[PDB]
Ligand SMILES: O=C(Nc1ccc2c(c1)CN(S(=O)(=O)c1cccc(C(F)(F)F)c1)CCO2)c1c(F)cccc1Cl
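Quick heads-up: it's one chain on its own, the form solved without this ligand, in structure tokens.
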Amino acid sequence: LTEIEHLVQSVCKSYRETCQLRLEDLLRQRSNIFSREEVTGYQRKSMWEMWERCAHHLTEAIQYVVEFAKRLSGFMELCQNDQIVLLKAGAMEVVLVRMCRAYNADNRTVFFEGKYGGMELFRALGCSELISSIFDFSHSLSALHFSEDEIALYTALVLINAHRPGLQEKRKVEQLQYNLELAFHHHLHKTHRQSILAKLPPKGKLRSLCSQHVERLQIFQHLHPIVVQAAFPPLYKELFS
């Protein structure tokens, strides 16, 4: 009935529609783990072939997040500068949070190209510290056993943050932020899940991992550029020069 319960439903609708795999598909496929021969197959690939595979999965993942953001009540109504500011700082942070759904804490593997594989699968990329940091972040997030609605509401808040440097209409973003915080806290009370609030990762940690990740992606993109058919061209122009 309330404007808030309608917001909860729409955020969860936007989320469910902008998700590539459904949680049950990822959950059932946990048994389908890459063989040592398949692992060796991936480790023996060139850095540049592994970069191409990962770059295209990450760009497709960002594209689903841009679509998620576009479907968030109020986003399209913000100025284009603000829309860029929010997506530039937050789209990859959302991708990093969404990744915990495809992560298995039991064996420390991620669902990649049809099967579950460990971080060793990525050996050829030569950025083990970064990749270990990503798996660690997914490991901490997997302990929360986040529900699909919780991930939807939390990621909307990762994106709609009025504290991002460069916002031109801070107040309009704050209004959207306040409504989403109410939606999230209202839903956690209703479901007796307010306990996750003290367990969420510190804001600086997600920011920090994201900045390290995007910085590496930028280094690879400079060395071996991939072209992408941009869903949001003004955002695309801010990262792809």
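Start at 1 with the first residue shown and count on from there.
A.B. asks: Taking only the CA atoms, which stretch has the higher mean B-factor in the record, 105 to 113 or 92 to 100?
C.D. replies: Comparing 105 to 113 with 92 to 100, the higher average CA B-factor belongs to 105 to 113.
A.B. asks: Test of understanding: from the entry's C-alpha B-factors, which stretch has the higher mean, 77 to 85 or 128 to 136?
C.D. replies: Of 128 to 136 and 77 to 85, the stretch with the higher C-alpha B-factor average is 77 to 85.
A.B. asks: Which of these, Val214, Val66, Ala198, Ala183, has its C-alpha atom at the highest B-factor, as the entry lists it?
C.D. replies: Among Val214, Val66, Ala198, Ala183, the PDB entry lists the largest C-alpha B-factor for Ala198.
A.B. asks: What third of its chain's C-alpha B-factors does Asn32 belong to: lowest, middle or highest?
C.D. replies: Ranked within chain, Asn32 CA B lands in the highest tercile.
A.B. asks: Relative to the other modelled residues in the chain, which third contains the C-alpha temperature factor of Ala162: lowest, middle or highest?
C.D. replies: For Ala162, whose C-alpha B-factor we compare with every modelled residue in the chain, the answer is the middle third.
A.B. asks: Rank-wise, by C-alpha B-factor, drop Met50 into the lowest, middle or highest third of its chain.
C.D. replies: Tercile = lowest for this residue's CA B-factor.
A.B. asks: Rank-wise, by C-alpha B-factor, drop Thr18 into the lowest, middle or highest third of its chain.
C.D. replies: Middle third, going by the recorded CA B-factors of the chain.
A.B. asks: Comparing against every modelled residue in the chain, figure out the third that the C-alpha B-factor of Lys205 lands in (lowest, middle or highest).
C.D. replies: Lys205: CA B-factor falls in the highest third of its chain.
Although it is not shown, the form deposited with this ligand bound is what the next lines describe.
A.B. asks: Verify the contact flag for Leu72: yes if a non-hydrogen atom of it lies within 4.5 Å of a non-hydrogen atom of this ligand in the entry with it bound, no if not.
C.D. replies: The answer is no: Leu72 has no heavy atom within 4.5 Å of this ligand.
A.B. asks: Using a 4.5 angstroms cut-off on non-hydrogen atoms, would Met92 count as touching this ligand in the entry with it bound?
C.D. replies: Flag for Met92 set to yes.
A.B. asks: Even though the partner isn't displayed, in the entry with it bound is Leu58 close enough to this ligand, meaning a heavy atom within 4.5 Å?
C.D. replies: Yes, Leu58 is a contact residue.
A.B. asks: At the 4.5 Å heavy atom threshold, is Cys54 in contact with this ligand in the entry with it bound?
C.D. replies: Contact with this ligand, yes.
A.B. asks: Please pick, from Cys127, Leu167, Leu157, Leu78, the one residue with any non-hydrogen atom lying within 4.5 angstroms of this ligand in the entry with it bound.
C.D. replies: Comparing distances to this ligand in the entry with it bound, the residue within 4.5 Å is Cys127.
A.B. asks: Residue by residue through 127 to 145, tell me which have a non-hydrogen atom within 4.5 angstroms of this ligand in the entry with it bound.
C.D. replies: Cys127, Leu130, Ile131, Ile134, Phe135, in sequence order.
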